[PDB]
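One-letter residues, chain by chain:
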Amino acid sequence: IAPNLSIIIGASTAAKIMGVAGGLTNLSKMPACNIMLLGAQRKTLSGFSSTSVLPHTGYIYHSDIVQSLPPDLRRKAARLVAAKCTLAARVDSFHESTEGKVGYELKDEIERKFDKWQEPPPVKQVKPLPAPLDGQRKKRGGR
Amino acid sequence: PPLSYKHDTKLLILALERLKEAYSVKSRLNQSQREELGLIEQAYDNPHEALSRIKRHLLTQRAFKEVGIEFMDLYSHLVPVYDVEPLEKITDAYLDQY
Amino acid sequence: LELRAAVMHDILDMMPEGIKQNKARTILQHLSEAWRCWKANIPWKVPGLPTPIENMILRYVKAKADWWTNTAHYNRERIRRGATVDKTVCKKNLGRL
Amino acid sequence: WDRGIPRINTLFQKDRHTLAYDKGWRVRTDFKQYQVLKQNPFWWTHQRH
Amino acid sequence: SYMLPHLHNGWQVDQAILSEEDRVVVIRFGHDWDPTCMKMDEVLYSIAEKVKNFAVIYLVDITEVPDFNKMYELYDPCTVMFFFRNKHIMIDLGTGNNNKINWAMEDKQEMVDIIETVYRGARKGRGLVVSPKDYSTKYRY
Amino acid sequence: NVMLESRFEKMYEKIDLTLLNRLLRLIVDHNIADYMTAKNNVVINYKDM
Amino acid sequence: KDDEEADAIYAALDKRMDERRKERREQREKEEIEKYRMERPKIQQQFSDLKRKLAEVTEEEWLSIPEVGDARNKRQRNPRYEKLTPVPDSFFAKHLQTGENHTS
Amino acid sequence: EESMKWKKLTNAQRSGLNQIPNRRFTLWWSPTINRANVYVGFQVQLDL
Amino acid sequence: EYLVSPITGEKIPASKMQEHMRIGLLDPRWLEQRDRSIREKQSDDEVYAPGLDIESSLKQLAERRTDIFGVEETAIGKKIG
Amino acid sequence: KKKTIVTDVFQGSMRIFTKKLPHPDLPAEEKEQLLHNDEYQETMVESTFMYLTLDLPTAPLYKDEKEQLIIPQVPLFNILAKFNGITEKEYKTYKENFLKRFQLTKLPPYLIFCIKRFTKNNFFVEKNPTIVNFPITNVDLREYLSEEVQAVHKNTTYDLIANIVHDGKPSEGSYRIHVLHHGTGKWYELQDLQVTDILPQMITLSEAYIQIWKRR
RNA sequence: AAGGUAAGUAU
């Protein structure tokens, strides 16, 4: 039914989002922002900050690929995976790319973006202390 | 705290004065100190806007920014010192006074 | 300092000669990076670091961490007992604590 | 003058009207050690109160 | 301690002192194996990049290169000397010896400040500069 | 007659936020109590830690 | 020449005066470092097993070691100079107003 | 001294500029510190 | 598929709209900044010793420090054993 | 008295294979030349043991890839990789290194496991917090035994009956033991005078220090 | 016993 969307988030998360959306057709006719919040629960915070009890997090946020990133990058991961899943669902609802070529391409793009986020920082030059100077310096006036 | 609380401005004035007590004998100002003291002056200039922001934070704000920690090196034992954001500091000070 | 010198000498001893010219400082940089990651209580993992060199650096960091903790605690005991100390040693001890 | 705890001269202070709403100030002065890095040698009292 | 450039004979030391016309030539006389020299060399290594605009740091072994032992009284475990435009720049550290730093420092900023003071004084054309910090005592309390 | 003087050891470090919030509901508004208790659940930073 | 002979004679004399306990104290020192060495091994010895495993590191692995890059951004590494400014005049005004007292 | 308090200066420059209060204090009481009864030792005549 | 250039008035194939626009509005300040940067990083003298020199210095240290290296342990400064 | 109750119950036999290693700075050709000498060749030492000392892997020094420190987990067979012909364990003495291999030859009727939780580092004594995952009902040690001794030892399955667990810092050490009441499947945790019924699953989650196993 | 050298240019 959804060969492309299965590749990205797996069949279990696919089943959950398809069931909660009301259908593959209903899933496709839905923006990626709403799909990311599919399955979200307004969990009560019991004397804790709203950050501790993950808000605005749905099935995609708890998917295997999204949960595999460090917690400081899981929001961007959830957004990107939700966008690509929306694209795959729109492709799937028309029963195109039944092989999964669109799904494989989207998963490869997601993995490349995740690797870029995990990329080690580049070498950054150390700025030496400025040499002391005694020459006169002319400075402008005005307002 | 009611919107038309009678003692609302007195508590805000006390909180702002307590926040400014850290610079009473200061001679130089850090950029962070400059910004915080400018926030205090702005809150004093427009007490009602500051009170409205405080009520909005008390009603809706549940997530806060990180707090910096340092330790006063008393030779017997370390005493934690916490650095809260100035925007949240005003709300906390007013809440404590009230 | 003695531990860092020993680790650097051991690692550079079995490095191929043709590459010691341009990579002697890189391994010291990796060693310092691992140490500062341990100080920051932050995970340290270099994907391109070979496993034997990674284990060598891990052992270095473990030994340095033991020495660092013991030095911090001994210095703090000296501070509490009233031992005559300077401001720089107290600042370093406060940071370590 | 200069007798009593609190001092009599505190009655003539110009901030008496606003200091009457300062409640729990002594615990605040003792709790200021966790906010300001400097150590207060007068943690036990407030000059205005 | 081992990352700094080394000078292996007196002629190299003379050339290093002569080569730099716009930077202070900081030369540490001692042994890489001496603990005091290890501390001083670690301090110099921590600041080597920072002061590279107005200072260059070299290390000399006084056993491999004994050509300056009698001249500069290099009979201490560690010794740091400052040269600017082929002139030895003395510094009034308050220790009674104004010609060298014969102990090991612990603060990078301390050594950087001393280097900066030497650089400024030597640029103005002075043979003696006054250290920003006195060392008649170790300030231990 | 006996004089006992002591301390509540680890008083601050052992305060549960859920129990503190639920006890604060008893004396203040549920919104104020939630704000005060959520304020203690913040990220603590020191240099790179 | 004869200066070297005199120096050698005096040095040999000083060495001979040291033979009273030289071998005894040197064997005691040998037997004393080894007592200390078992409890506190040499630093290089503690890395001997790890060093041995560096032999099988291929030359390609040796080259492929990455460089260390700082994670701090421009603001953290090289912050702009932080200016210091005097406290506002309102502080002096409020300090001098504090000393004012009512007459009733 | 006031003007330099708010200028961009290095640590050595600021350390040098914190000594003027000490110099003023020392010269204010100079007829007392600079005494042979206080500092027992030899005398050095200031040049010029 | 030629689209008129809004900055030069010429025509470019649609496959090169974005790159032509990005290159066309490239400040020469970028060129001079890059030239300055190239001049700076190719003229600063190296501060630390080369790798072979580091290895030689560490070898000398190991020779003269037998309390850390070697099998036999001589004094701190001696090299015989 | 060679055969006492303690010897017949707990004492087993293991074979030690020791291979001395030359100095690391020695050249490869000279190392091979010294390989001809019997000093650096394998030496067989057959010595009986009262208990088996299992050494844990070094505790993790950093956090995981997800910025959250994780309690180390090790399979029982991973710390049981000792006492077999394949694993070679380096012994770094203060003077020379050795490659001491261990080979089990005689399994005692009751086996005692002593996990080295406390090791003294270069400056103080540290406790290894590594948690060992071990089944408490079926472990087979026939693989570790030699082909010559597996025929005589037809029984190798061991069942845990007791597990001494150390909790806390070495200075403020606390000792608790999870005993198995014979005749019932219940497990009892014995902390001082307090006896608490503990489910069999919770035992493996504790820092095991001393274990005793029954062949049955 | 020290922490108490002005840095010079000329003769």
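I will try to describe carefully the structure that is included in this document. (Residues numbered from 1 in each chain as written, not as in the entry; some residues may be left out. Chains lettered and ligands numbered in written order. Part of a larger assembly, values for the part shown. Heavy atoms only, no water. Residues with missing side-chain atoms left out of burial classes, pairs and counts.)

Of the regular secondary structure elements, chain B holds four helices and two strands. Its helices and strands taken in sequence order, chain B reads α-α-α-β-β-α from the N to the C terminus. Along the first, second and third principal axes, the C-alpha atoms of chain B reach 50 × 30 × 20 Å. Counting all 98 residues of chain B, 37% fall into the buried class. Sequence separation of 24 or more characterises 59% of the internal contacts of chain B that already satisfy a separation of 6 or more. On chain B, roughly 5,100 Å² of surface is accessible, and the fraction owed to carbon and sulfur atoms is 54%. (Helix = DSSP H or I, 4+ residues; strand = E, 2+ residues; numbered from the N terminus. Buried < 20%, exposed > 50% of the residue type's maximum accessible area, 1.4 Å probe, protein only. Contact = heavy atoms within 4.5 Å. Areas by Shrake-Rupley, 256 points an atom, 1.4 Å probe, with all protein chains shown as cover.)

Further remarks concern the packing of helix 2 (residues 31-45) of chain B against helix 3 (residues 47-60) of chain B. Residues and elements named next belong to chain B. Packing of helix 2 against helix 3 leaves a shortest axis separation of 5 Å and a crossing angle of 110°. With respect to helix 3, the axis of helix 2 lies roughly perpendicular. The residues of helix 3 that touch helix 2, namely those facing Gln42, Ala43, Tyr44 and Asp45, are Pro47, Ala50 and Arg53. When grouped by side-chain class, the residues that make up the contact of helix 2 with helix 3 number four nonpolar, one polar and two charged. (Axes fitted to C-alpha atoms, helices over the stretch in contact; angles between N-to-C directions. Parallel < 35°, antiparallel > 145°, perpendicular 65-115°, else oblique. Nonpolar A, V, L, I, M, F, W, Y, C, P; charged D, E, K, R; others polar.)

Moving on: the protein's contact with RNA strand K. Among the 15 residues in the neighbourhood of RNA strand K, the closest are listed as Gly94, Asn98, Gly127 and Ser136 of chain E together with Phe42 of chain H. Within 4 Å of the protein, the contacting atoms of RNA strand K are 47% sugar and phosphate, with bases supplying the remainder. With respect to RNA strand K, the backbone of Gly96 of chain E contributes an N or O atom lying 3.2 Å from a sugar or linking oxygen. The contact in question runs from a sugar or linking oxygen of RNA strand K to an N or O atom on the backbone of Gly127 of chain E, over 3.1 Å. Residues of the surface near RNA strand K, tallied by class, amount to five nonpolar, nine polar and one charged. (Near = heavy atom within 4 Å. Polar contact = N/O pair within 3.5 Å; in protein donor to acceptor, adjacent residues only side chain to side chain.)

The assembly contains 23 pairs of chains in contact; the pair sharing the most contacts is chains C and G. Note that chain B does not reach chain E: the shortest distance linking a C-alpha of one to a C-alpha of the other is 12 Å. Separated without contact, chain D and chain F have their nearest C-alpha atoms at a distance of 12 Å.

What follows deals with the interface of chain I and chain G. Interfaces are often sized by the accessible area lost when the parts come together. In this assembly, eight residues from chain I lie in contact with five residues from chain G. Regarding the contact of chain I and chain G, the summed buried area is about 550 Å², with carbon and sulfur atoms giving 43% of it. For the pair chain I and chain G, the number of links is one salt bridge. The shortest N-O distance in the salt bridge between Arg37 of chain G and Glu73 of chain I comes to 2.7 Å. Linking chain I to chain G there are eight residue pairs in polar contact. (Buried area = accessible area lost by both parts, 1.4 Å probe. Salt bridge = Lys/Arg side-chain N within 4 Å of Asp/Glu carboxyl O.)

What follows concerns empty space enclosed by the protein. Within this model, the largest cavity holds a volume of roughly 60 Å³. As for the largest cavity, its lining consists of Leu1, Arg4 and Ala5 of chain C, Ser1, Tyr2, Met38 and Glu42 of chain E together with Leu61 of chain I. Those elements that provide at least two residues to the lining of the largest cavity are helix 1 (2-13) of chain C together with helix 2 (35-47) of chain E. Residues belonging to the lining of the largest cavity are distributed by class as follows: five nonpolar, one polar and two charged. (1 Å grid on protein atoms, 1.4 Å probe; cavity = no way out; pocket = protein on both sides within 12 Å on 5 of 7 lines; lining within 4 Å. Points joined across faces, edges and corners; volume = space filled by probe spheres on them.)

Let us look at a positive patch on the surface. A cluster of basic residues, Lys127, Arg137, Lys138 and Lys139 of chain A, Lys74, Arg75, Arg80 and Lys83 of chain G together with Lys7 and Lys8 of chain H, forms a positive patch on the protein surface. With respect to the secondary-structure elements, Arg75 of chain G resides in helix 6 (residues 74-77). The class for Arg75 of chain G is exposed, based on a relative accessible area of 56%. (Patch = residues over 30% accessible without salt bridge, like charges linked within 9 Å, V, L, I, M, F, W, Y side chains within 5 Å. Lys, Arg positive; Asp, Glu negative; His and termini not counted. Charge placed at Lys NZ, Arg CZ, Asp CG, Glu CD.)

Right, let's talk about the environment of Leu76 of chain J for a bit. All names here are of chain J. Structurally, the position occupied by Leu76 is in helix 3 (residues 76-79). On the accessibility criterion, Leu76 (2% relative accessible area) is buried. Sequence separation between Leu76 and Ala151 is 75 residues; the distance between their C-alpha atoms is 24 Å. When residues no more than four places from it in sequence are discounted, the contact partners of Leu76 are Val132, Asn133, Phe134, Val139 and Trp213.

This brings us to the nonpolar core. Ranked by internal contacts, the top residues of the largest apolar core, which has 82 residues, are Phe82, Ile101, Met111 and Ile114 of chain E. No other element matches the eight residues that helix 3 (residues 51-81) of chain C contributes to this core. Apart from residues lying up to four places away in sequence, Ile114 of chain E is in contact with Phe82, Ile91, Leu93, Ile101, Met105, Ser131 and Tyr135 of chain E. (Core = buried A, V, L, I, M, F, W, Y, C linked by side-chain atoms within 4.5 Å.)

Turning to the sheet that holds strand 2 (residues 78-83) of chain B, a few remarks are in order. Sheet architecture is open: three strands sit in the order 2(B)-1(B)-1(F), paired in mixed fashion. The open sheet has two edge strands, strand 2 of chain B together with strand 1 (44-45) of chain F, and neither has a second partner. In this structure, strand 1 (residues 67-73) of chain B lies alongside strand 1 of chain F, joined through two bridges in parallel fashion. Note that in strand 1 of chain F the partner of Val67 of chain B across the bridge is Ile44 of chain F. (Pairing = 2+ DSSP bridges.)

The next point concerns the interface of chain G and chain C. Contacts between the two partners involve 22 residues from chain G, matched on the other side by 28 residues from chain C. For the pairing of chain G and chain C, the buried interface totals around 2,400 Å² over both sides, and the portion due to carbon and sulfur atoms is 71%. Counting across the chain G and chain C interface gives three salt bridges. Inspection of the chain G/chain C interface yields seven residue pairs in polar contact. Listed by contribution, the elements that provide at least two residues to the side of chain G that touches chain C are helix 3 (43-46), helix 4 (48-52) and helix 5 (59-63) of chain G.

On to the side chain of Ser1 of chain E. Looking at the secondary structure, you find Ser1 of chain E in the segment before strand 1 (6-7). Given a relative accessible area of 9%, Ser1 of chain E falls into the buried group. Within polar-contact distance, the side chain of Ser1 of chain E engages the side chain of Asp41 of chain E at 3.3 Å. Not counting residues within four places of it along the chain, the set of residues in contact with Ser1 of chain E comprises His6, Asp32, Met38, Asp41, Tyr45 and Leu59 of chain E together with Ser57 of chain I.

Turning to the packing of aromatic side chains, a few remarks are in order. Taken as a whole, this structure holds 26 aromatic pairs over all chains when the rule is applied. Seen from their ring centres, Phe64 of chain B and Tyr35 of chain F are 5.3 Å apart, and the 80° between their planes marks the pair as edge-to-face. With one member in each of two chains, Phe64 of chain B in the loop between helix 3 and strand 1 and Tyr35 of chain F in helix 2 (residues 30-39) form a pair that bridges those chains. Accessibility classification places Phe64 of chain B together with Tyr35 of chain F in one group, the buried group. Where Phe42 of chain D meets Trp44 of chain D, the ring centres are 6.4 Å apart and the plane angle is 25°; that geometry is what we call stacked. (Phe/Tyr/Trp six-rings, centres within 6.5 Å; stacked < 30°, edge-to-face > 60°.)

Residues and elements named next belong to chain D. Topologically, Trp44 is positioned in the segment after helix 2 (25-31). You can call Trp44 partly exposed: its relative accessible area is 46%. For the pair formed by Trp44 and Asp15, sequence separation is 29 residues and the distance between their alpha carbons is 20 Å.

Attention shifts here to the pattern of salt bridges. When the charged atoms of two side chains lie near each other, side chains of opposite charge can form a pair. Residues and elements named next belong to chain B. Counted under the stated rule, the structure contains 63 salt bridges over all chains. With a shortest N-O distance of 2.5 Å, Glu36 and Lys89 are connected by a salt bridge. Of the two residues, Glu36 is situated in helix 2 and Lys89 in helix 4 (residues 86-97); the sequence distance between them amounts to 53 residues. On the basis of relative accessible area, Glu36 is assigned to the buried category, the value being 9%. Relative accessible area serves as the criterion here: at 21%, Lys89 is assigned to the partly exposed category.

The next thing to look at is the pairing of strand 13 (residues 174-180) of chain J. Residue and element names in this part refer to chain J. Sheet topology places strand 12 (residues 157-167) next to strand 13; six bridges connect them, and they run antiparallel. When the bridges of strand 13 are listed, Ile164 appears paired with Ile177. With antiparallel pairing between neighbouring strands as the criterion, strand 12 and strand 13 make up a hairpin whose turn holds six residues, including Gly168 at a positive phi of roughly 95°. In the sheet, strand 13 pairs with strand 14 (residues 187-191) via four bridges, with the strands oriented antiparallel. When the bridges of strand 14 are listed, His178 appears paired with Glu189. Hairpin remark: strand 13 followed by strand 14, antiparallel, with six residues in the connecting loop; positive phi at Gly183, about 90°.

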